[PDB]
Enquirer: 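Got a structure for you, written out below as structure tokens; questions coming shortly.
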Amino acid sequence: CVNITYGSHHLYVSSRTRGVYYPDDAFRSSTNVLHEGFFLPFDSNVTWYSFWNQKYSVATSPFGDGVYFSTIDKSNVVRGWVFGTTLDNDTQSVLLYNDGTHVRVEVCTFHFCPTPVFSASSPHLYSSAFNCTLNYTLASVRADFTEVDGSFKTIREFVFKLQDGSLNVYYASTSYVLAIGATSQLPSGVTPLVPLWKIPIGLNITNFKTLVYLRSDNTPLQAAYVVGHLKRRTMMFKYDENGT
Amino acid sequence: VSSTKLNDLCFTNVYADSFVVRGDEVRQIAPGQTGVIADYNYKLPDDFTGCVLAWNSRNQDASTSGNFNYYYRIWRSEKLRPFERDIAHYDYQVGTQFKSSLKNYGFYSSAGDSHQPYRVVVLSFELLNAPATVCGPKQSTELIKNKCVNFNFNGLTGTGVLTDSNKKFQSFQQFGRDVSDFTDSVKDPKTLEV
Amino acid sequence: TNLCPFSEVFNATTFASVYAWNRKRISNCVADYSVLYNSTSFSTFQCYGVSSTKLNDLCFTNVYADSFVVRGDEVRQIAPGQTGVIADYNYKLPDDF
Amino acid sequence: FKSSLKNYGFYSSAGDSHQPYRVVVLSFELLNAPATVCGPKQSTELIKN
Ligand SMILES: *[C@@H]1O[C@H](CO)[C@@H](O[C@@H]2O[C@H](CO)[C@@H](O[C@@H]3O[C@H](CO)[C@@H](O)[C@H](O)[C@@H]3O)[C@H](O)[C@H]2NC(C)=O)[C@H](O)[C@H]1NC(C)=O
Ligand SMILES: *[C@@H]1O[C@H](CO)[C@@H](O[C@@H]2O[C@H](CO)[C@@H](O)[C@H](O)[C@H]2NC(C)=O)[C@H](O)[C@H]1NC(C)=O
Ligand SMILES: *[C@@H]1O[C@H](CO)[C@@H](O[C@@H]2O[C@H](CO)[C@@H](O)[C@H](O)[C@H]2NC(C)=O)[C@H](O)[C@H]1NC(C)=O
Ligand SMILES: *[C@@H]1O[C@H](CO)[C@@H](O)[C@H](O)[C@H]1NC(C)=O
Ligand SMILES: *[C@@H]1O[C@H](CO)[C@@H](O)[C@H](O)[C@H]1NC(C)=O
């Protein structure tokens, strides 16, 4: 495992109109549809975490009724997440991560390291894993572990929800150029997140933790991630003729 | 879904849940049931779409000396949610004594049907606008165009005239609908033509 | 806080005959049926007018407990709108039970 | 003339259909009156306004 002594830096930003996802699997075209459910409230107070050579900011966060997660980076620093209750070896936990070539999901009783992290493509997440009920590849997506110089260029947004023992993952990727010194801020406008994966984990999830990769010298890279909590609300969605 | 219609339907996703219970606990594998199995071992959602199949497994899971390889939970601080699984080993307090939350079944081949082992298989069905992967053994006919016909495409039935479409479909889209919710278009599962 | 005395009832040495069924008033107590799972395997647990899953969230002004013994194949007759030797001449439930 | 009452013969070797079953019927009354039988729900603090 990796002993990280770097401190943590976080700030509070506005959610704007982010976190909109398709509420159903029913085709809706040229219609304004009302929806009561768990959504990220507009203009809400969300937590923005920033990492640099001297700052490693990962903490256990509550899952609650669902989580809006976004990463604003340029070097694929966020590799995935751990979901569960105690996040220890008295219960099963969900490990969702990119191994470098494939997105993999593992549901086992993992004894995770105090700070589970990847050392330059080298994994140091859990000391041991047993009682595995799920272990498979979700998708083939090449994500490099190289360090890109310059400004951030893309925001990747995720919505995590639990429904009938299944972890539902919604996703959207949008180009977002943000300078390293520029004020911490989410993009403006609505970007609908599409249903990406429905994973049958059968587990109770109350807490989650983010997984990041450090440099070969175990130093943190330049990256930012945002955590918001879904709340019960009625939202109105405008569908075009295509159904978007 | 009606059991008689399963042979005429197609499903986007099918999940098979498999476990062993005692004969008198098979009734608890159904929505809105209350009991040791329904509360602390296996809960179905109230809006469940699927089929529950069960059979006496005395010949494979009961023995003369007794089979004690099957376990069930007797206590959980809270009830399980639909499709939730708890595989953790923990003790609960009864008065001043701690007892295992897991108990062993004793399946004897000489017991009555109520105490015989039953194998249960729960088929959860997903029916979405997506590629069909599980279908019934229905024979496909020839496509008849430009006439009023009764049609059945991947389980979706209806009456209408089938014509060549200039409409373009997304990669996994199987059918198209309008504001009225009328199915105005379909992708043929054999020719991939809209 | 006192638990309803269900364990002492379910475990009475003898129950009543169905023709001479017993009625017991239950009051001033907490009804928790999960406590009975260790000693009682309920082959039948069916509720009418109230969902069984909601019983732990409800409170009742009056609760009556009718207790008797029948043969296994006559348990189906202990339900509204049932016809049979037990439902006709021994114990009948109201249709709005 | 025959007795209107018949005796059951419960044998431990019989099939489940002929085994004795103990039946308990719980009749519930839910009126605008003091509660005497409640489920094991924990009470919270009263939140006003
Ligand atoms: C999902 O996982 C969570 C995390 O373990 C489970 O929460 C735990 O639930 C138990 C039972 O509801 C809680 O214990 C109770 O606490 C209250 C308040 O102190 C007390 O009055 C009760 O007597 C009992 O001790 C426990 O505190 C709670 N733990 C945490 C950290 O939330 C939850 O039950 C799980 N949901 C399932 C399995 O459906
Ligand atoms: C977002 O929430 C945080 C708390 O989680 C708010 O932070 C506190 O704000 C008060 C009032 O300005 C300060 O006195 C505290 O020192 C702040 N705490 C922390 C941890 O910074 C923050 O103001 C909120 N932002 C909003 C509502 O726009
Ligand atoms: C299902 O199989 C049929 C053949 O049984 C495929 O259709 C034929 O495809 C060949 C090659 O393109 C054509 O020469 C024939 O005219 C087609 N029809 C028949 C009746 O043979 C069909 O494409 C297959 N469908 C899928 C989705 O693979
Ligand atoms: C999951 O499967 C992969 C491939 O076999 C293996 O490398 C990995 O260790 C497995 N994980 C667990 C925790 O079983
Ligand atoms: C069930 O638990 C109660 C309370 O501890 C105890 O009195 C009773 O004997 C138990 N029954 C069995 C069959 O263990």
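In each ligand, atom 1 is the first atom listed, and ligand 1 is the first ligand listed. By convention in this document, chain letters (A, B, ...) are assigned in the order of the sequence lines, proteins followed by strands, and residues within each chain are numbered from 1.
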Enquirer: Is A:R16 salt-bridged to A:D43, going by a charged N under 4.0 Å from an acidic O?
Expert: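 Salt bridge between A:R16 and A:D43, a charged N being under 4.0 Å from a carboxylate O: no.
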Enquirer: With heavy-atom distances below 4.0 Å as the criterion, list the atoms of ligand 5 near C:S39.
Expert: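 Matching atoms, with element in brackets: 11 (N), 13 (C).
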Enquirer: Kindly print each ligand 4 N/O atom paired with any protein N/O atom under 3.5 angstrom away, one pair per line, or none if nothing qualifies.
Expert:
from, atom 1, to, atom 2, distance (Å)
ligand 4, 2 (O), A:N135, OD1, 3.2
ligand 4, 2 (O), A:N135, ND2, 2.3
ligand 4, 11 (N), A:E106, OE1, 3.1
ligand 4, 11 (N), A:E106, OE2, 3.4
ligand 4, 11 (N), A:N135, ND2, 3.0

Enquirer: Whether the side chain of C:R71 engages the backbone of D:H18 through a donor-acceptor N/O pair (distance < 3.5 Å, no angle test) should be reported.
Expert: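 No, C:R71 side chain to D:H18 backbone: no donor-acceptor pair under 3.5 Å.
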Enquirer: If you count the atoms of ligand 5 from 1 in the order shown, which ones are under 4.0 Å from a heavy atom of B:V94?
Expert: 4 (C), 5 (O)
Enquirer: So does B:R76 pair up with B:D39, basic N to acidic O under 4.0 Å?
Expert: no
Enquirer: What orientation do A:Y126 and A:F112 show, parallel under 30°, tilted 30 to 60°, or perpendicular over 60°?
Expert: perpendicular
Enquirer: Should you measure from each heavy atom of C:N38, which atoms of ligand 5 turn up under 4.0 Å away?
Expert: 1 (C), 2 (O), 3 (C), 8 (C), 10 (C), 11 (N), 12 (C), 13 (C), 14 (O)
Enquirer: Which of parallel (below 30°), tilted (30 to 60°) and perpendicular (above 60°) describes B:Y90 and B:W75?
Expert: perpendicular
Enquirer: Is B:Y40 close to C:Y37 at the side-chain level, that is, under 4.5 Å between some pair of heavy atoms?
Expert: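 They are in side-chain contact.
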Enquirer: Check step by step if side chain to side chain donor-acceptor pair (under 3.5 Å) holds for A:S70 and A:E157.
Expert: CA-CA 4 Å; A:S70 61; A:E157 295 175 292; 5.2 Å; no
Enquirer: Ligand 2: which residues have a non-hydrogen atom closer than 4.0 Å?
Expert: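 Contacts of ligand 2 under 4.0 Å: A:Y12, A:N45.
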Enquirer: Using atom types as modelled and distance alone, determine if a side-chain donor or acceptor of B:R85 lies under 3.5 Å from a backbone N or O of B:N41.
Expert: no
Enquirer: Using the ring of each side chain (for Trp, its six-membered ring), is A:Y49 parallel, tilted or perpendicular to A:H10, with breaks at 30° and 60°?
Expert: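 Taking A:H10 first and then A:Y49, their aromatic rings sit tilted (interplane angle of 30° to 60°).
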Enquirer: For B:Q97, I'd like to know if atom CD has over 12 heavy atoms of other residues, nucleotides or ligands within 6.0 Å.
Expert: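 Incorrect, the count does not exceed 12.
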Enquirer: Evaluate the ring planes of A:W81 and A:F160, with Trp represented by its six-membered ring, and classify them as parallel (under 30°), tilted (30 to 60°) or perpendicular (over 60°).
Expert: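 Ring orientation, 0 to 90° scale: perpendicular.
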